[PDB]
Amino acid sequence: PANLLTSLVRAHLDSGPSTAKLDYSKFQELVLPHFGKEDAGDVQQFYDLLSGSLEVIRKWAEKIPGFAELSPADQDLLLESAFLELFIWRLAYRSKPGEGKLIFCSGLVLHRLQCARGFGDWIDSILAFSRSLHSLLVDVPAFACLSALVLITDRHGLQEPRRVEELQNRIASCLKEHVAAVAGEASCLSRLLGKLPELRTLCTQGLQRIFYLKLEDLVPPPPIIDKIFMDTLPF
């Protein structure tokens, strides 16, 4: 319901670090001028940061009611298709863009300039989207619904597209009820939903970055990221 909202909230909160579990031991407030542009260590870091979210997102998804009742092929295709978008959406919400501070799902905290060489300019686009999301003051329950809506969505190749749309609709209406219960019986809802296409567009820049890095080939992508990259190219 109801129970659906609670389940979604609980899945969200169990998929990320507690405040008390944040790790600042690598964090730098003042980042020294760096002599270089990307090297192998910056590329490896970028791929390690993406990889650190694969298992987390998969376990979160399996707690969404109904997700495990989709065909196994539909589940995998939804997860592959949404992976960058989910990695970015959850990062944007967890991070503190007013301090240039990125907070990863392990609890690792890095300043912008500490991972900018790996991410490239995409990191600035990500912090701009994070500042925009933060201004909206999205509460945890609405966020927990939106995340699920990022994943459970139409994609090309689904075996049971209507069943994906039915589940999406359940989640969308759970969100809409919640937003009325906090604002009762337009603007706010359409503003939450409007972040989803923005997110997808932002993630085109992630695919661009991975293409560039594979072209440069200092460090190849790990196999699961590479598969997600190749499977989500529509050509």
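For every residue, the number given is its place in the sequence shown, counted from 1.
Per the record, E29 and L30 are directly connected, with no deposited-sequence residue omitted between them.
Set 81-89 against 112-120 and average the Cα temperature factors; 112-120 ends up higher. According to the PDB record, 14-22 carries the higher mean C-alpha B-factor of the two stretches 208-216 and 14-22. Per the deposited record, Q159 carries the highest C-alpha B-factor of all listed residues (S95, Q159, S125, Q75). Compared with the other modelled residues of the chain, the Cα B-factor recorded for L193 ranks in the middle third. The deposited CA B-factor of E69 belongs to the middle third of values across its chain. Ranked by Cα temperature factor within the chain, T201 sits in the lowest third according to the deposited record. When the modelled residues of the chain are ordered by C-alpha B-factor, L167 sits in the middle third. Among the modelled residues of the chain, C145 sits in the middle third by CA temperature factor in this PDB entry.
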